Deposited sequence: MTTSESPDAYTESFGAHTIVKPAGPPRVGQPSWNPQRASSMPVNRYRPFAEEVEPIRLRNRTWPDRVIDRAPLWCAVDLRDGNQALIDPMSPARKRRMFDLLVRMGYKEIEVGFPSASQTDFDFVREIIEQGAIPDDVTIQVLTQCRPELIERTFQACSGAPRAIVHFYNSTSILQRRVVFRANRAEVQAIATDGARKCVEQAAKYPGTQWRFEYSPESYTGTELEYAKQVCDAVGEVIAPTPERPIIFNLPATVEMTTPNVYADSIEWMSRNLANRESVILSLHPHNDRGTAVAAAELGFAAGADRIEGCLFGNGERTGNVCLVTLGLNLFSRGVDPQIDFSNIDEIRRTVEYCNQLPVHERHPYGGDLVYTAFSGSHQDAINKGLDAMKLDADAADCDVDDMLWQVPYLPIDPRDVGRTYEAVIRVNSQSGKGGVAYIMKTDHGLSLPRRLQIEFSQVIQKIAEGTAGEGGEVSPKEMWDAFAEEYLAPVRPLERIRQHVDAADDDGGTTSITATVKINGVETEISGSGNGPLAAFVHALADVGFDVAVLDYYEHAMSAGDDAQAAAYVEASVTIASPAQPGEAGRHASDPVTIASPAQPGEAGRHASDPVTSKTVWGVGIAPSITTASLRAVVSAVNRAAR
């Protein structure tokens, strides 16, 4: 059960703080400086540096992400993730651990043999240091034009004592023997341009002076140069303390590593304290060159640092991340298919709720921000979508990541979608729900329905549809023509058009009477099932009217699927007025 803390307050605790000591066993845990070492970088510069360039990114979704899954990726899921990363713009991708996993070996073989690797992309493979594993790693990459061989071994104080029971020389030799084998194997495969990355695994549990010693010894074996640099990757394998301390450690390593001009300094933070993004950002300001992570923070336990958050955290402060996030929903859907794990509702940039506003005062402030941008754009003769984003409560324009701001209205088990379906049998398409909620913004079930009817169902001006004759060709792929009687602002008139179906025909007919309806989307569903059966149709259109253009939804309801579609078009035109 949960036990209310009841111990004494600390000595010195202010009288305005009535908190009590808990009975958690805090004595089983020590401050970082005692667990590992004191890191004091008094002359640090990272606090005074603002990031002004994207780092070199490396995506490790196919390895660190993959092996953290409940269900590891099938061959199809691996290819889909790899193609997604390539398409987004990543140029270094860790594709697996091929010497430890036959499925990973076969994946690396498949991408090499089927020419799936672009010429500006370098695949990365992880291996432990045992000589036969290193050999198998090189075998896996046979025929690659280029590849990064990432070898690692654990250097932490704790692992040296309880896992390896070894001294400093012994654990360093594991790494330098690995490096020696890498040099020897690279000489055997002259057809591939080999590059190396070494990680002192569990770096954040390792003395910095020892980390430097091991990395330097590995570097002497590899003998990197400015034109062929080595990657030293410094993982927060477990995130052990606050991100400022990790940043201090990176700045120290960046200053003190030998042959620094021949080093690409790489960060690999995990999220055990929930501050992986902060560790990466402050560490990059501290002199790192490269960051390893996963899309949406997948990876061992709490995950690797989120590459989406890091990239969009640049974008939103005016630095190009050099990765495309223009359609974050596509990225999300692909990630969820590949990982079989959802992106949380509140995940930065991608989560369901992150461009939502529930508060009336927030919604009002957002509309004022939006209105003022449009006014300044009209004045300067510019597209508002190209102007400086100046909107309270929305860090970015959701349209810049392919999303839409959502002003959610509460209905007095609730919510517009749910009640529309239960009370009126309509399944509103998601973008319709958002549009309609914005109409309501500018509520009881009755009020909701009444607003829906006056907006989408009732209007009869400027366009009313009386009747029509549909002449559909009998044969597949044939033309449908329509003649319709309509009232335009009260006045009966006859219109004509043709199209691949009655919807298209009707749309084309209305163009001659001054309504340009460019159909963007369309959905239909049944309501009920017999002689009482009806169809509900929803049409999204960019509409322009004679005597500017607006994207709007129309709704139509009718016993015929054809007539419901036509009613929806009329509904859209009248919304646009």
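- Absent C-alpha positions map to the deposited sequence ranges 1-17, 430-433, 464-474, 580-613, 644, in order along the chain.
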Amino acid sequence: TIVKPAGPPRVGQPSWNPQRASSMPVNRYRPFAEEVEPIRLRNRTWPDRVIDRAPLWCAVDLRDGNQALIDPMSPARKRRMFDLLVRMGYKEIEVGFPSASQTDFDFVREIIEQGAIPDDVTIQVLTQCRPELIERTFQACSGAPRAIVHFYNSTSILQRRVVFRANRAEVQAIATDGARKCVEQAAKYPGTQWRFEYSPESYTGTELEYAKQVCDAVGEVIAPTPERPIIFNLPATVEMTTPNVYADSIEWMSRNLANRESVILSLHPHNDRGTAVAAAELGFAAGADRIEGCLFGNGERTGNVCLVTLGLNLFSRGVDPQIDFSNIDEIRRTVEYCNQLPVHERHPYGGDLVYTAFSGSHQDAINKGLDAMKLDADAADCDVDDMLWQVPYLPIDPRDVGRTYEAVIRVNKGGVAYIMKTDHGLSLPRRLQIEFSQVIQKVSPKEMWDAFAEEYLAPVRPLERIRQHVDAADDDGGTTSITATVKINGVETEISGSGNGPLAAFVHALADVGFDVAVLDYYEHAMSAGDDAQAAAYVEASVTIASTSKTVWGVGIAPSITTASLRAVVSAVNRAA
From here on, numbers count along this sequence of modelled residues.
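- Mean CA B-factor, 302-310 versus 167-175: the higher value falls on 167-175.
- A summary of the deposited B-factors shows that, of 379-387 and 147-155, the stretch with the larger mean C-alpha value is 379-387.
- Going by the entry's values, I440 shows the largest Cα B-factor out of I328, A288, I440, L282.
- As recorded in the entry, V408 carries the highest CA temperature factor of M240, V408, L265, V245.
- Sort the chain's modelled residues by C-alpha temperature factor and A537 lands in the middle third, per the entry.
- The deposited CA B-factor of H469 belongs to the highest third of values across its chain.
- Sort the chain's modelled residues by C-alpha temperature factor and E492 lands in the highest third, per the entry.
- Per the PDB record, residue ranking by Cα B-factor puts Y523 in the middle third of the chain.
- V121: CA B factor lies in the lowest third for its chain, per the PDB record.
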